[PDB]
């Protein structure tokens, strides 16, 4: 019954993640002034350039130059020696109003609770009892390794670190009637941008001793664990200079690390009317409520929408064999306890609040007791 599973994560300075954070900094800036802002902000990053492209209709007065540059500063790209500098990069803006055709079909002259979905699409929520936070251990560990790198960079412990990083964790699991049980860490990859002075052996030693050992419990590591630390051998060029980034290109890092399922929609840069985000957060909330409610050890929920239509077109459940209840029974419990219209999700999950930039690195789920992470007490 043993098997392997792998997930990855990326750091705050990974170029795709820079774009997600900037998109969400823009969304938050709008929501701070106009809780009803309609935002669809894509970000593109390449050497010396942040471009904003998309559609925003809002009563806010937002200084895009300042918002973008402050987000880049926070990430840590503050000098040309690091390959990118918030003070001196180009910020280009190609933002128009929301299409009036979309606006009239989705939200104009609609009661909020009865607002239409902002697009068609499908979304999934997942939860697993293998960790207290109801997330896969593979992706939890991968995120924590990137967070540790940023911590040691920011506290000056490892001053040769730069913001761009990737990690990948392969766990060996056992299974019991569909639930999964972590046994050990089989393989770890860490790649992180670094300065010109540090040598490879110094980096590899620090990554094992100060990063991996500070994150992964020793009980999971043994003489057979495989370590791929700085496997490319050199990573001085990094950030947008090494690889163009775009918003919504880390959707699996943002969610479940390959476990569960994904409908394809990106989260960052979108207000609540874009069900790609709000309905995925609500589906996570449902899945976590089913697991924390003791109805199943792990579960997947699908929901779907049509643009302009408030109620979901479909809802589906897969319990992996981890419930005594059938999937039909669990679906009835979901329908009795949740209303997945976007105009109701916004109220339940407080989705006009400007907390989105906080979600845009280290995963949207399993952290910080956001509203979608607080289970609903189920009645049945």
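Numbering follows the first chain given and starts at 1.
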Given 21-29 and 368-376, the range whose Cα B-factors average higher in the PDB entry: 368-376
Stretch with the greater mean C-alpha B-factor as recorded in the entry, comparing 222-230 against 281-289: 222-230
Most elevated Cα B-factor in the entry, residues 252, 309, 244, 158: 158
Given 271, 119, 101, 129, the residue at which the Cα B factor reaches its maximum: 129
Ranked C-alpha temperature factor of residue 57 among modelled chain residues, by third: middle
Chain-wide C-alpha B factor ranking for residue 163, given as lowest, middle or highest third: middle
Third of the chain's Cα B-factor distribution that residue 349 belongs to, per the entry: middle
Chain thirds of CA B-factor: placement of residue 40: lowest
Among modelled residues of the same chain, the CA temperature factor third for residue 47: lowest
